[PDB]
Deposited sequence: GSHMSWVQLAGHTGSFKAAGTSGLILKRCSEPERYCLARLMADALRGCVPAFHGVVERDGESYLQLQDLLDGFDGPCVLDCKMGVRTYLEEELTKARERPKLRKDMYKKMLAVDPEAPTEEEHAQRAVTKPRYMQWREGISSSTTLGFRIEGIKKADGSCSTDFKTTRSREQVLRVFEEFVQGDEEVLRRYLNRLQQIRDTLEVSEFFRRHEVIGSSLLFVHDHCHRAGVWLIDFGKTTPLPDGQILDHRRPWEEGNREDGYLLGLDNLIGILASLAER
């Protein structure tokens, strides 16, 4: 029906406001003119509310009757290469990130991080990639919202192919029509990404695929969250499958989508 951190209710039916960020506004504007137009929420421009700038977006939940939502962060890498430079030259030590790390694996921090009670953001995000499916499969499940109002973010150690398959199995609750529609949509999104002028020219970091379905078997998938999507310099391009090595700006986005399609196709045959 409706999603209502960065989000505020819109006056217009079927819309939602997201706090405006310059990289995301730039990306959504380009995307409305790109092959990927239909694969992302409609962007209607910027509006002012309480002296603050908001993106006016399609409410992706509007068409659905009690939507189930799964957020799937795409890519082998989940931070910008400029974070690695900033961490080397002027590290901003993060005490919060030390605690969240220690909570999962007490042996994960180094002797020096224990002494600092703090880690760098890139170190934290790299660790998060390795205990989840990000490093190996190129995506990870971030969270689910169920039709029963229940929600979960308890997926930080969901890593193996079979562990991911079991989360989707529980998410679709044996609805063969929803799974088939999800797979048809992912196949069409992959085809669109492989021809998109935007996609070949941009490093797509920290974006998600949002899976939405309802008890009426309606099913949609959209790309969201372009806050860390940045253009490559002087007409250089990415293949989005080859391994990341600092300098090459590769994000493994399509490695992730390939594996995600493979897992849902496997689930469909179970």
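If you line the structure up with the deposited chain, just one stretch is without a C-alpha atom: 5-13.
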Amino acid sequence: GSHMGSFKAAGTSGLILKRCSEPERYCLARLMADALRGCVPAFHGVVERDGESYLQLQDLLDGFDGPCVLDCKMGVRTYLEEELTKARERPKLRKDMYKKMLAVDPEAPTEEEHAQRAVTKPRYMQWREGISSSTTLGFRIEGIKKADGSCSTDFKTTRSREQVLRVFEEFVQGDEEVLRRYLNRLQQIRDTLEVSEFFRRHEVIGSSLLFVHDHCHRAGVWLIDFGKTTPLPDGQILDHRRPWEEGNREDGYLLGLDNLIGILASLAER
From here on, numbers count along this sequence of modelled residues.
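For the two forms, the rigid core is made up of the largest set of C-alpha atoms that agree within 1.5 Å on superposition.
Farther on average from this form in 9 other deposited structures of this protein lies stretch 143-151, the comparison being between 143-151 and 196-204 by RMS Cα distance after core superposition. Looking at 97-105 and 70-78, the one farther from the shown form in 9 other deposited structures of this protein by average CA distance, after a rigid core fit, turns out to be 97-105. As recorded in the PDB entry, 8-16 is the stretch of 8-16 and 253-261 with the greater mean C-alpha temperature factor. The PDB entry records a higher mean C-alpha B factor for 84-92 than for its counterpart among 84-92 and 162-170. Based on the entry's C-alpha B-factors, the most elevated value among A219, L232, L31, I224 belongs to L232. When the Cα B-factors of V76, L179, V195, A115 are read from the PDB record, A115 comes out highest.
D214: CA B factor lies in the lowest third for its chain, per the PDB record.
When all modelled residues of the chain are sorted by CA temperature factor, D105 is found within the highest third. In this PDB entry, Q187 carries a Cα temperature factor that places it within the lowest third of its chain's modelled residues. Sort the modelled residues of the chain by CA B factor and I141 lands in the lowest third. The deposited CA B-factor of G38 belongs to the lowest third of values across its chain.
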